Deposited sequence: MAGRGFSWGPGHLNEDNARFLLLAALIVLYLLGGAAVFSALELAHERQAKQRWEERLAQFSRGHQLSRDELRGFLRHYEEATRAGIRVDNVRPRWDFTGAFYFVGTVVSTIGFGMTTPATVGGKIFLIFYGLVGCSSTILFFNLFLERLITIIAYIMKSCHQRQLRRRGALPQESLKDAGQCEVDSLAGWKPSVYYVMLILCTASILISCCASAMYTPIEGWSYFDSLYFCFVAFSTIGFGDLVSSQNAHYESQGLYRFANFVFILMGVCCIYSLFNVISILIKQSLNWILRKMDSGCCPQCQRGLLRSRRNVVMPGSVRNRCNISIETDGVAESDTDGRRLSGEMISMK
């Protein structure tokens, strides 16, 4: 009966959390959306009136451009898709369940292979993350025992603090490189780092997609290393916080009578 009660309580809390977040986000973003839409409408009217064009022709042209954008054509000199390096980037985003969306299959035959490839690879990546967390806990215990000098296993709180510090340090180090090389601001770099490391992957900001990129040999290697370490650390942090939340739910159930 305890397990069922815990399940039901967690479901109700998640529902309330979703409702509150929806209200807050709407209140934050509605006015900016409306202003942007009005600005676009004014620009489109100005362009249509300037060159004595018609709106149906512009609609057809924009539909063709949407198709071209889906194909991969951009406005500012992007790197080619579906070469060996681009395919490596695509499979890297697929196996980690990030899914930026900058490159997607378009043919029948590529989609079946995507289904089977992902089905086989995602589980292996999850196993890799679990083994990494176990190794990190073991090395932390060994270091603590050696410094004091099995039963020296650290508590959950200290592991959480260490993971938080490591995540912050890695994010700052990665942003310090993303900021100059790209045309991004520091806060935007931190936002991109959080979105990528959590395996959410909105796709609004994607790195290493500018055709000629100076050295271009070390940059891709550094990008790969940074993304891998960030994903591992953030996943471990999520698991530890989930354990703590479960303990809190147990306390809430015990208190209520």
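Absent C-alpha positions map to the deposited sequence ranges 1-13, 163-187, 296-350, in order along the chain.
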